[PDB]
Amino acid sequence: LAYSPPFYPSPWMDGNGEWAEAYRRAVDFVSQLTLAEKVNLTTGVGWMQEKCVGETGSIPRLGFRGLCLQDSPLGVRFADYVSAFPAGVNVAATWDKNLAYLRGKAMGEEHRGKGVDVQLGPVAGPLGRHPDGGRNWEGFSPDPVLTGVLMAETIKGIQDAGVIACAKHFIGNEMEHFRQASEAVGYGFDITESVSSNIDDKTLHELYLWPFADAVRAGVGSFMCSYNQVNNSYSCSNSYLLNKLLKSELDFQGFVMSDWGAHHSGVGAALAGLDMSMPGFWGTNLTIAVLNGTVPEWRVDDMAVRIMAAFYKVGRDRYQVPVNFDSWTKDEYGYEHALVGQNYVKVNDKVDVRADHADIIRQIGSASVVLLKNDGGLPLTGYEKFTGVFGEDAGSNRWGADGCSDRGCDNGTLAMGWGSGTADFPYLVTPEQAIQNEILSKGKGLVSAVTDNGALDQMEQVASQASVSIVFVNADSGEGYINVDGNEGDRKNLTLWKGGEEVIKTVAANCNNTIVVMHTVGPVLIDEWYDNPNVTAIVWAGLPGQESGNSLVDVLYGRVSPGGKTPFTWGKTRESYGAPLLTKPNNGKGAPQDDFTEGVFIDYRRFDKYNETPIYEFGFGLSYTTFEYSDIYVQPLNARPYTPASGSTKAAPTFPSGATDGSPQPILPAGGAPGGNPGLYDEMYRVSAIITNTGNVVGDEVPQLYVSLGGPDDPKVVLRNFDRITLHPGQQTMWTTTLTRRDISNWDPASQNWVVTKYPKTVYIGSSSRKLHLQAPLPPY
Amino acid sequence: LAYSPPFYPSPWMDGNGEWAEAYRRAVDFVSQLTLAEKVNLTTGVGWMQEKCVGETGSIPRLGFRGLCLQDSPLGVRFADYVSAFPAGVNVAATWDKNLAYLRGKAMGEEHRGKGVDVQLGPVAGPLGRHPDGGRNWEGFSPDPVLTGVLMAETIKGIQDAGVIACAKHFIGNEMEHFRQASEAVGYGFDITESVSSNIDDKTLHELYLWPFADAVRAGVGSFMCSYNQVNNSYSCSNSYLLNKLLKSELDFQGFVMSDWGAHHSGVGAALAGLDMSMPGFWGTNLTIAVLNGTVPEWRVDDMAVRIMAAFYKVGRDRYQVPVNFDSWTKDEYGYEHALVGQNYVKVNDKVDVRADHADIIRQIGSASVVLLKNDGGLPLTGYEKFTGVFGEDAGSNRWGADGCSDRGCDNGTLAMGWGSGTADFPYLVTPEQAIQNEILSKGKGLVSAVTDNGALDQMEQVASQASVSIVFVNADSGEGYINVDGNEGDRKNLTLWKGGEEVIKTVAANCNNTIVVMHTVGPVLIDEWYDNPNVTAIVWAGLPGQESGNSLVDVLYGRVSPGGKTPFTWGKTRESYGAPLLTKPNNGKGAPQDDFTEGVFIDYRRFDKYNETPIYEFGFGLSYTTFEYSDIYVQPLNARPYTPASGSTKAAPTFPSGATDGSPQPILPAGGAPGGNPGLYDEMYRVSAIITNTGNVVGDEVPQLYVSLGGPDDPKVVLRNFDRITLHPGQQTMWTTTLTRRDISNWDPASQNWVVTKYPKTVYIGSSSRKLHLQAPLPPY
Amino acid sequence: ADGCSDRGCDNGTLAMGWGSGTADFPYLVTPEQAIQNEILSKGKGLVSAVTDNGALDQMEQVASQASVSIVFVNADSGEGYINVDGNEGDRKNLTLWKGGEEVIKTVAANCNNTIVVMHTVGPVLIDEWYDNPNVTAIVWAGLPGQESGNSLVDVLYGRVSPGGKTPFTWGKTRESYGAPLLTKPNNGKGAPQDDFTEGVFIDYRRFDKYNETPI
Ligand SMILES: OC[C@H]1NC[C@H](O)[C@@H](O)[C@@H]1O
Ligand SMILES: OC[C@H]1NC[C@H](O)[C@@H](O)[C@@H]1O
Ligand SMILES: [Mg+2]
Ligand SMILES: [Mg+2]
Ligand SMILES: [Mg+2]
Ligand SMILES: [Mg+2]
Ligand SMILES: [Mg+2]
Ligand SMILES: [Mg+2]
């Protein structure tokens, strides 16, 4: 069985650089506390005991209320008068740092307005190892660079708004199956331990860890360790994960909380790098552990100062307001127990925090539309003589937009997946609604919407008469505690839901101008219809949130040229992506064993390795205009030689082998600063090229920079940079980026550091992972 | 708030009388044990941690395995190759002590064959305060005497078969709403404590406690304390309930276990009279409590000896075999964790324990059929030209007989309610099947079954052609953790399910020979159709178990004359019964307060008090013959005057004020032996009457003896005795019974004893609570 | 049993097709009834009937425990004036109705002694499951009328040795049988022209001519 080596002691904050101010204030505060008050900060109050999804204990003596931790990565969960933003996968499809930032800011503002201290997001774990992973849509992309950059931008947005962000789930939670034993038992599996993700040191560094490094370096205040095990040690008590990788190598200065009820070795977890136990036994044991000397004073002191450092870093001291909503009821008032009797208190103030956020939600919606096919289908005018609209995915949730708890259904148009990664729609504009509005405001031609996928007679009837037929199909997934139609979080197949395929086939048989719109959490198998000549255009629109219908028609009717690029591969078969989900226990009653044998070869890397042609490759997307690439240039920057980190920490302040050692510790070679050794981010080359709009309308292009690292075990190409640029007809721009040392390095387990290998590297600039228009050598030096 | 006075110390065993052999052996065994081993007997192993619904810790040092505790009151829950017996309410409808005993024996045999040590049943709580109480069907009758008698017979049957019986639930668990806070929260209620049943001392003694007294006197080995509070103290740590009423007044010698996760004050519960914590912290705390002196050594010794006494009393030492099934899977084999790695062990031996138990199931089915109306409808011959069968309740569960987990649905014929009070059908004979068999083996007339309650066109079609139309309707309920169609355990109304009333109305409109069969957990409202002249007969058949169809047709086609009497009242309205369920919290976030303000006036007592005429009164049932009552005679027996119990207990042996007092204790005036002061069971009068069969077929009569206690706050009549008697045409019998002192006494709170008041008492013998054919004074002495 | 006019449905056990070629059942003995009668009159072992083709979980649950699993599938057709599920008299395909194929596959995956009973108006395509080793027997019972259940169990339980022979061919594909039904007009608004170009080569004559091996 795979084994996770120990690493102790648990690193304490250094509070260097951009954390110095926050460290100073945290020390000043924690210095004043008793042991009990310190432990209060690390202790969850219990499941559903207060107002927020999680809360810490209070310190009333100083007028410090418990921290409020609230879902989700795409909005304020449970609360009323909030916005429902597009999912993370949509953000990925924008390839737009700026939009990612603005979404973070808007979300952060909403959390702030409700009195939330910590937003439980964003997500880089799952990364997206499997196409059928249940929660991938909450994250960004299987690509570590695209995910990492947008993760970082999102975090900066949330935290600039004055709310602590939380990078989750750390790490290796690439599927929902067997994430928690209790949950697995509920689905009829006999296991007593969570699945072990078995991941080697190189795969972690070059794939799954990379975006979390970006999150650390972006100044993220907190981390959440995952339900699963890594190398047969639960994440929340995995010393290699938290102590070595996170707090030494990546030099994370913030605090680590557990996922809710995530299994850890109790007090032992604190020694292994856990700082906060959620949702809440731990408190009194940690107290006793300190008193009897199993847990050092310096450790609890560091747990407290990490929590308070995050608090001060984002300016909670300035922006905190009372929690003015309740997660567990919409009632205005409720009862609370007191020392004697009960108090009737106000619990929901109905504070409207939505502001103008509908604008950015509509914008990201439109920006996340990916045009996959266009044989003269798009754009539409609104002066079509007869528009047919087809599919339940065009219509309303008959139970109300928020009629399914945690969005745990596929009623009507899909604009959000299910589970904890949700928020309530203040309203939801359907495609049916937006399209009828478009028509009735313009040409006022005929329009009919058949939103029952079983009504194939009517679809035939209407499609036979249509100038254009707009077909809507979806595929849903989410968190493992919800099972929809045999999908236990993870998708049981890559098929369109509710007979979407038959809808497409029926409509295309009767209308030679059929447009297909896919709202899917990830890829589906489209091989049987995508190349149908009656299908004149195909778009993926993902999970667009409250403005779905409006953001879509903006694109379909040509107000916005589609400029999204698919953030994952569209393969011919499920086998194209690699091995199935592990959905059958393979270690008897023990932890299922999930070997990440493919290494870095997930999504497009896999397709590239096996020389398999995807239907639509990673980074592919069409436009209403054309773009031309020319004149690549590589400028060596003659960076200083990489220096491994050296020296030692200071001794652990007070305000298992090594677990209680508070003496100065050696700095790891690849460590030294948040996100790793600073030399890793030295700029090595400047690469530039000219992009021109050679067509007849304004549009966005996503130029992409790929690197061939050149080794026998390296992917043919890996994404290293990208931007989204608006170009008017005949407009040119110089696209210029830099490659860092990290960008051209490989992880070396032997030396425990990033190395630039001797193999010749090649840089490519193109419009997709396969459309590599330009290339040049990276000259060694 | 209602208050529960303390009563300490927790009484230790006497081990006199029927318990002497058991106590001696229990002492000998426990004398050999360490503290840890003693505590192990009191500790559950944890939810789903072994094979049985509950298991105690083991004493491997003496090769003594953990006890196996298994549901249910009507069979062996979860296990394969077992029988599904008729529900307790059907037993009540038989009014047949012998049948109650034989059912207990058959159930005990099946538990025994599976290796079960404790059968978690039978049920006298709920008694049946509300007609819409979800779990009433698990018990017997709202009448305490009918329930007490049949409860005792059931217990004797189980324990004679060599299994420990468990009287549950003690006490006041008369509805499912708010029984457990976690469950209430799941239904959207904000409470942190279970409902409090607020019951006065007199009401407890004269109603709810009465059948439990019978259980004690019958020698039941164990009790289960309930989820709810009584006078704002959880049953499982209610010292008044457990120490005073159960273990002092009723002098119970066996052990008390908690309901599964029933709240109690931990170590405090032990001092208040709890002996066993299920399903299982307690072990550690109890060990610590003994070492530090907070729990006396004599208490833990008493806990252990009570458990072992129950074990020896029924002869578990003789009859114990290994547990040969698994509650949690039907798989033959399963992996188990070892010291090193894992083992693959046999978990299910598929031991067939059904024997010939199908016979007693068919018999009790037939005996529990109550004929409520017959204007020339029944019996049938099987030579009818055209038989129509109508209603989903005639047909099959389309998901298989065991297709709904815990029977949590109303698919097809209703033969069992839902929740823990269940067992898997080995097969299920439906009315549809049995009726078609009857016809096709006899006259071979036409027969059609319309088993879709929505297919009213077809019902008209068939009914208008039929010689006879047999209509099937049901109403279901169960434990609160299952919600079927908005019925949160408790019934949301007293309507027939699935449009049953419309089925009846449709068929009766088209067929002037309509027979209605009701399979209901309790009463439903029948005011709109019972008196329809086209309805020529009505039967209630309840929940008959696996032989439903066969037991029914035996009655319908005249092989068995119906002899059951309804064990509850059929009122015109819900309001007829009294006040609604408490289904809305009335103490803010605290324990809802459920005041039993009606006192002893439930079911027929309420109807009698308020002069509400029932449609069908308690104790009412028809026959295929007729019976005549004559010649009542009362013989005073000149019993010894009642002596209040006095004297002391032994000092507590070793092997809150007064909680640690192990000194001799005063015997309570109404205590002194199991079931109460033995003088209470002195026979005061002998009463006889003559019953004659004046009709033309053999049949059973259930003569009933009622007493008027004569006070202004006494019920007009209370049941005190009954029998079921077979009489051939023209045959007479002298029915002779005795009234005990208890039978003619009232509970006096001031003196804490049963008293015979000076109010004149009358005895009645008749065929129902309303059909009081004979009466005589009870002359005082 | 007679709940659908002219038997114009596929509710429950199929013992008669639809249209004018019908009569009213005086009663209908189902396989469910006959099999339960057989067991409860003999060994009195366990018996359960899952008769909802969508209840696949329950089918796995029960098939897992069974000594023998007896699976019932059907396919219906009739006169043109009745349309059932898009079958305008003629069958729109040769598939088992109501997901019968998925019933077979589910049961066979959980029980290595699965018996399949087919009540079909004619051949269906069985290529995907007939050769499944967990399917230990296959019978065609057709449309047996009022005694369906009883006539079946007489054979299943060995009172009568089966001696019937299939009166039509079971092919691998629909194409095996030759050209499709003419289901769209080919003479404008006038009489559709249905040319019997295959001549005498229908059913087994066709298979033999083109050297196609029947199942
Ligand atoms: O709801 C709280 C918590 N539940 C568990 C989920 O895995 C996590 O993402 C979420 O934040
Ligand atoms: O299933 C065990 C236990 N659960 C709770 C029920 O109230 C009780 O009757 C049953 O015995
Ligand atoms: Mg609250
Ligand atoms: Mg804003
Ligand atoms: Mg550091
Ligand atoms: Mg087990
Ligand atoms: Mg027997
Ligand atoms: Mg005593």
Side-chain angles (χ1 to χ4, degrees), chain A residues 44-55 69-74 77-78 118-123 125-126 134-135 138-139 166-170 173 176 179-180 183 194 222 224-228 235-236 257-262 278-279 323 325-329 331 333-337 342-343 345 347-348 406 418-423 478-482 489, chain B residues 9-17 19 23 185 189-192 216 243-244 246-254 273 302 306 588-589 645 647-650 652 664-668 671-677:
Chain A
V45 295
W47 180 228
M48 298 180 57
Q49 291 305 116
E50 294 292 345
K51 300 171 69 54
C52 306
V53 169
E55 299 197 19
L69 301 77
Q70 198 65 14
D71 294 317
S72 73
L74 59 64
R77 188 189 180 193
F78 289 130
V118 187
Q119 169 173 9
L120 299 176
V123 171
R135 298 187 71 176
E138 292 202 55
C166 184
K168 70 183 191 186
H169 309 83
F170 195 75
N173 192 5
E176 290 302 282
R179 73 188 182 131
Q180 192 73 332
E183 201 170 283
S194 303
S222 68
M224 186 190 291
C225 48
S226 62
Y227 282 123
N228 58 289
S235 291
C236 290
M257 78 185 70
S258 71
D259 205 345
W260 270 222
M278 282 286 144
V323 184
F325 72 99
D326 202 293
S327 291
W328 321 115
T329 186
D331 294 353
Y333 296 86
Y335 288 91
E336 311 293 348
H337 288 105
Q342 304 181 224
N343 294 315
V345 295
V347 300
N348 279 295
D406 302 335
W418 74 69
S420 68
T422 51
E479 195 174 338
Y481 72 95
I482 295 173
Chain B
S10 187
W12 38 96
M13 282 187 75
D14 301 296
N16 295 137
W19 280 89
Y23 179 70
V185 169
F189 296 104
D190 187 10
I191 64 172
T192 61
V216 170
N243 287 345
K244 194 185 189 167
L246 183 55
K247 285 179 170 177
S248 299
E249 182 184 336
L250 298 189
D251 201 15
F252 172 65
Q253 298 299 306
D302 188 55
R306 284 169 174 284
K589 211 189 200 178
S648 302
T649 71
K650 66 204 267 179
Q665 294 302 309
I667 299 301
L668 293 182
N677 190 323

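As the structure lists them, so they are numbered: ligands from 1, and atoms in each ligand from 1. Convention: sequence-line order gives letters A, B, ...; per-chain numbering from 1.
For the pair A/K168/A/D259, no side-chain contact is recorded, criterion being any heavy-atom separation below 4.5 Å from C-beta on. The shortest side-chain heavy-atom distance between B/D251 and B/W19 does not fall under the 4.5 Å cut-off. With contacts defined as side-chain heavy-atom distances shorter than 4.5 Å, the pair A/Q180/A/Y481 does not qualify. Counting only heavy atoms from C-beta outward, the side chains of A/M278 and A/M224 never approach each other to under 4.5 Å.
Distances below 4.0 Å separate heavy atoms of A/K168 from the following atoms of ligand 1: 8 (C), 9 (O), 10 (C), 11 (O). Of all atoms in ligand 1, numbered sequentially from 1 with element shown, those under 4.0 Å from a heavy atom of A/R77 are 1 (O). Listed by atom number, the atoms of ligand 1 under 4.0 Å from A/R179 heavy atoms are 7 (O). Residue A/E479 approaches ligand 1 through these ligand atoms, each under 4.0 Å from one of its heavy atoms: 5 (C), 6 (C), 7 (O). Of all atoms in ligand 1, numbered sequentially from 1 with element shown, those under 4.0 Å from a heavy atom of A/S420 are 1 (O), 6 (C), 8 (C), 9 (O), 10 (C). Listed by atom number, the atoms of ligand 1 under 4.0 Å from A/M224 heavy atoms are 11 (O). Using a 4.0 Å cut-off to heavy atoms of A/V53, the atoms of ligand 1 that qualify are 1 (O), 2 (C).
Residue contacts with ligand 1: A/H169 is included, with a non-hydrogen atom under 4.0 Å away. Within the structure, ligand 1 has A/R135 among the residues with a heavy atom less than 4.0 angstrom away.
What sits closest to atom 3 (C) of ligand 1 on the protein, heavy atoms only, is A/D259 OD1, 3.6 Å.
When only interatomic distances are considered, the shortest N/O to N/O separation between A/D71 and ligand 1 falls below 3.5 Å.
Counted by atom type alone, B/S10 and B/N243 present one or more donor-acceptor pairs between their side chains at under 3.5 Å.
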Subject >> Verdict with reasoning, A/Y227 to A/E183, per side-chain contact (heavy atoms from CB on, under 4.5 Å) >> reply: CA-CA 11 Å; A/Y227 282 123; A/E183 201 170 283; over 6 Å; no
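Minimum interatomic distance between A/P279 and A/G261 (heavy atoms only, all atoms of both residues): CD-N, 3.4 Å. Between A/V347 and A/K51, the shortest heavy-atom contact is O-NZ, 2.9 Å.
Relative ring orientation between A/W328 and A/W47 is described as perpendicular, the plane-to-plane angle rising above 60° on a 0-90° scale split at 30° and 60°.
Contacts between A/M278 and ligand 1, counted as non-hydrogen atom pairs separated by less than 4.0 Å, are absent for every part of the residue.
Distances from the Mg ion (ligand 8) to each N, O or S atom of B/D251 single out OD1 as the nearest. Its N, O or S atom nearest to the Mg ion (ligand 8) is what matters here, and for B/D14 that atom is OD2.
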